[PDB]
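J.: Take this structure first; my questions come after.
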Amino acid sequence: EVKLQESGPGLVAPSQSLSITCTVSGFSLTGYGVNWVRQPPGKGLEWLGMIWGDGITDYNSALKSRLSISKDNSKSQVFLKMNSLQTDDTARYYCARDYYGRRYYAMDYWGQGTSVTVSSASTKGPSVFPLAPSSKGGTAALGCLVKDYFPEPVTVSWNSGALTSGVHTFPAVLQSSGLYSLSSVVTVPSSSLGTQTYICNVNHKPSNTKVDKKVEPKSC
Amino acid sequence: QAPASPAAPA
Amino acid sequence: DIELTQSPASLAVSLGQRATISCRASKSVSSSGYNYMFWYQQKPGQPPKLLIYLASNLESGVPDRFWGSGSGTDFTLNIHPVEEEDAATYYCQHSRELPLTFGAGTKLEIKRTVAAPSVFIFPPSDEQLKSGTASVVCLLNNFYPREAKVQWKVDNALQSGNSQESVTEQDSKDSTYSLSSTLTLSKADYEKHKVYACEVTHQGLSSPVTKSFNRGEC
């Protein structure tokens, strides 16, 4: 059962430092090497470096002066540290294991990633508002408006992951305020409105905020 | 029988 | 430093037909009679997933429909027949020298029969109006193609510059898109007018659909 999970701050100020930790299980770091790969939002994949089983450490030549990669075999942790952070170091940061340990310098198993924004601006949790269903027994639409958070991202589930089908969580937009906003909708059948209750759970790791919100109509 | 990536320690 | 040029940047293919994606290396990525060339599939909110290793070897659990070919500096990823779940961005990378580089990616759109949107509209919540701002959200659910026009009217008055759109990634199951246009007003400007209207022009509709509410009404 091979797993890797990245953890780090989410927000860092320009010219400051960044420390990320990749926690692995289901295999020994004595045998397999592990890469750091980042993806700037909208754009594509950039290789940062690698730490092999034996401890040999390879860096992308263009960033070698700012990068530091280390590990602890006993605690199953791999570390990345980057200095002199500018705005275009803003990206999702992934750790990926060497493909089958064959040293082809490809990747099999990746973590889900950790988002990092580089900006002086302060963290700010979201405000959540209902998008209540109208006076339509066919198919009815409701949702949650997640407003004025920074930085990205937020994750939106429904009824603690119970309701999955019909859900559409829209990409965030940058408002003129310099804060982010998205809407998350669900297309349920008309009948289920009086009977069953709909709660949207909103998560913002950077501010450590968790907001559940009941979505009902009526009461004019 | 494919050898390791040439870019890898040997 | 080896560059990989991926083409085309984006590609549309019909269910059941063939997709051909190209990767051109600025130097040979061959050594000892093997090509150090790999292909990944990245769907939204997920990390990349290797489909092809060493130019032509198919990762186990990946369907027969995918195959890689080429050598030296010219490589291809082929899909046939293309399925709904193939809607993703595809990336090539090499390991001939350091640093490892990737192509800029190829985004694959899955073509399907024209389908019109299910339009809805949402008034500003009571608790948002307390803070001092008002958001009016118009939803266009599960349509195709992606080209859509959303027009806002406030008391039959054509609006511009005060709305923002956001489109989802193509759906894995039905190959449709959804869109949320959000009109932003102050509490004052909102309380000043009455009828709020969203007008949708889409190829799959015979003439523009409109949904509207009046402030106060349920």
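Convention: chains lettered A, B, ... in structure tokens order; per-chain residue numbering from 1; ligands numbered from 1 as shown.
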Could you list, as a list in words, every residue within 8 Å of region 172-183 of chain A, counting only C-alpha atoms and ignoring same-chain residues fewer than 5 positions away?
T.: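 My list of contacting residues is residues 143, 144, 145, 146, 147, 148, 149, 150, 151 and 152 of chain A; 164, 166 and 180 of chain C.
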J.: Keeping only C-alpha atoms, write those residues as a CSV table (one decimal), in the first residue's frame.
T.:
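See selection03.csv below for the written result:
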```
chain,number,residue,atom,x,y,z
A,143,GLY,CA,-25.3,25.4,-3.9
A,144,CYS,CA,-22.9,27.4,-1.7
A,145,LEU,CA,-21.1,30.7,-2.6
A,146,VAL,CA,-17.5,30.6,-1.0
A,147,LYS,CA,-16.4,34.3,-0.9
A,148,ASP,CA,-13.4,36.4,0.0
A,149,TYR,CA,-10.6,33.8,0.8
A,150,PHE,CA,-6.8,34.1,0.2
A,151,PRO,CA,-4.8,32.3,-0.8
A,152,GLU,CA,-5.9,29.3,-2.9
C,164,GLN,CA,-17.1,37.3,-14.0
C,166,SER,CA,-15.9,30.4,-14.4
C,180,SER,CA,-21.2,30.2,-13.3
```
J.: Could you list, as a ChimeraX atom specification, the residues of chain A having an atom within 6 Å of chain B when counting only C-alpha atoms?
T.: /A:103-105
J.: Write out the residues from the selection above, keeping N, CA, C and O atoms, as a compact mmCIF listing (two decimals), in the first residue's frame.
T.:
```txt
# COMPACT_ATOMS: atom_id res chain seq x y z
N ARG A 103 15.25 3.15 -11.72
CA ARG A 103 16.20 4.27 -11.94
C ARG A 103 16.11 4.71 -13.41
O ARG A 103 17.16 5.16 -13.94
N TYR A 104 14.92 4.62 -14.03
CA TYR A 104 14.65 5.16 -15.40
C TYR A 104 14.46 6.68 -15.32
O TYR A 104 14.36 7.34 -16.38
N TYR A 105 14.41 7.23 -14.11
CA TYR A 105 14.20 8.67 -13.83
C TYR A 105 12.82 9.10 -14.36
O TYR A 105 12.70 10.22 -14.88
```
J.: Residues of chain C within 10 Å of chain B, counting only C-alpha atoms, what are they? List them as number ranges by chain.
T.: C: 29-36, 54, 94-100
J.: Given a cut-off of 6 Å, which residues of chain A touch chain C, counting only C-alpha atoms, written out as a PyMOL selection string?
T.: chain A and resi 44+60+105+131+170
J.: For the selection just defined, write its residues with N, CA and C atoms to a file, as a PDB file, in the first residue's frame.
T.:
```pdb
ATOM      1  N   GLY A  44       2.468  24.063 -16.668  1.00  0.00           N
ATOM      2  CA  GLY A  44       2.881  22.647 -16.695  1.00  0.00           C
ATOM      3  C   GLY A  44       3.999  22.338 -15.709  1.00  0.00           C
ATOM      4  N   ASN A  60      18.007  20.382 -10.413  1.00  0.00           N
ATOM      5  CA  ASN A  60      17.807  21.252 -11.600  1.00  0.00           C
ATOM      6  C   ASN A  60      18.858  22.361 -11.536  1.00  0.00           C
ATOM      7  N   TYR A 105      14.415   7.229 -14.108  1.00  0.00           N
ATOM      8  CA  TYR A 105      14.197   8.672 -13.827  1.00  0.00           C
ATOM      9  C   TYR A 105      12.816   9.100 -14.359  1.00  0.00           C
ATOM     10  N   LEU A 131     -26.767  29.273  -1.771  1.00  0.00           N
ATOM     11  CA  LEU A 131     -27.436  29.541  -3.068  1.00  0.00           C
ATOM     12  C   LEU A 131     -28.722  28.710  -3.100  1.00  0.00           C
ATOM     13  N   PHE A 170     -16.793  25.063  -9.041  1.00  0.00           N
ATOM     14  CA  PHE A 170     -16.229  25.897 -10.132  1.00  0.00           C
ATOM     15  C   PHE A 170     -14.817  26.340  -9.763  1.00  0.00           C
TER      16      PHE A 170
END
```
J.: One decimal, in Å: what's the spacing between CA of residue 206 (chain C) and CA of residue 159 (chain C)?
T.: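 CA of residue 206 (chain C) sits 23.5 Å away from CA of residue 159 (chain C).
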J.: Could you find all residues in region 65-210 of chain A that DSSP calls strand (DSSP E or B) from the backbone, and write them as a ChimeraX atom specification?
T.: /A:67-72,77-82,91-98,107-110,114-118,124,127-131,139-150,155-158,168-169,173-174,180-189,199-204,209-210
J.: Using only C-alpha atoms, which residues sit within 10 Å of residue 71 (chain A) once same-chain residues fewer than 3 positions away are excluded, as a VMD selection string?
T.: chain A and resid 21 to 22 29 34 51 to 53 55 74 to 80
J.: Please extract the residues of region 7-189 of chain C with a backbone DSSP assignment of helix (DSSP H, G or I) and present them as a ChimeraX atom specification.
T.: /C:84-86,126-131,187-189
J.: I need the chosen residues saved as an mmCIF file, in the first residue's frame, with N, CA and C atoms.
T.:
```cif
data_model
loop_
_atom_site.group_PDB
_atom_site.id
_atom_site.type_symbol
_atom_site.label_atom_id
_atom_site.label_comp_id
_atom_site.auth_asym_id
_atom_site.auth_seq_id
_atom_site.Cartn_x
_atom_site.Cartn_y
_atom_site.Cartn_z
ATOM 1 N N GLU C 84 -14.895 8.777 -23.155
ATOM 2 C CA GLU C 84 -15.292 9.977 -22.372
ATOM 3 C C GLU C 84 -14.225 10.266 -21.309
ATOM 4 N N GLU C 85 -13.731 9.233 -20.628
ATOM 5 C CA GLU C 85 -12.812 9.356 -19.460
ATOM 6 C C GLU C 85 -11.395 9.768 -19.897
ATOM 7 N N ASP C 86 -11.147 9.936 -21.201
ATOM 8 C CA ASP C 86 -9.817 10.310 -21.764
ATOM 9 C C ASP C 86 -9.642 11.837 -21.778
ATOM 10 N N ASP C 126 -29.591 36.537 2.510
ATOM 11 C CA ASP C 126 -29.896 37.619 3.481
ATOM 12 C C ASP C 126 -28.604 37.967 4.232
ATOM 13 N N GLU C 127 -27.791 36.971 4.606
ATOM 14 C CA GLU C 127 -26.578 37.197 5.447
ATOM 15 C C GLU C 127 -25.484 37.930 4.649
ATOM 16 N N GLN C 128 -25.421 37.773 3.319
ATOM 17 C CA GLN C 128 -24.438 38.503 2.461
ATOM 18 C C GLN C 128 -24.812 39.992 2.402
ATOM 19 N N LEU C 129 -26.112 40.289 2.267
ATOM 20 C CA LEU C 129 -26.667 41.669 2.187
ATOM 21 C C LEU C 129 -26.374 42.421 3.492
ATOM 22 N N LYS C 130 -26.272 41.699 4.612
ATOM 23 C CA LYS C 130 -25.885 42.249 5.940
ATOM 24 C C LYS C 130 -24.471 42.845 5.866
ATOM 25 N N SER C 131 -23.521 42.140 5.235
ATOM 26 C CA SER C 131 -22.092 42.550 5.118
ATOM 27 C C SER C 131 -21.958 43.821 4.271
ATOM 28 N N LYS C 187 -25.061 46.845 -1.952
ATOM 29 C CA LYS C 187 -26.394 46.726 -1.302
ATOM 30 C C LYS C 187 -27.322 47.806 -1.875
ATOM 31 N N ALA C 188 -26.822 49.045 -1.974
ATOM 32 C CA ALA C 188 -27.571 50.255 -2.394
ATOM 33 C C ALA C 188 -28.114 50.079 -3.818
ATOM 34 N N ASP C 189 -27.230 49.826 -4.794
ATOM 35 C CA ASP C 189 -27.570 49.665 -6.236
ATOM 36 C C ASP C 189 -28.572 48.519 -6.414
#
```
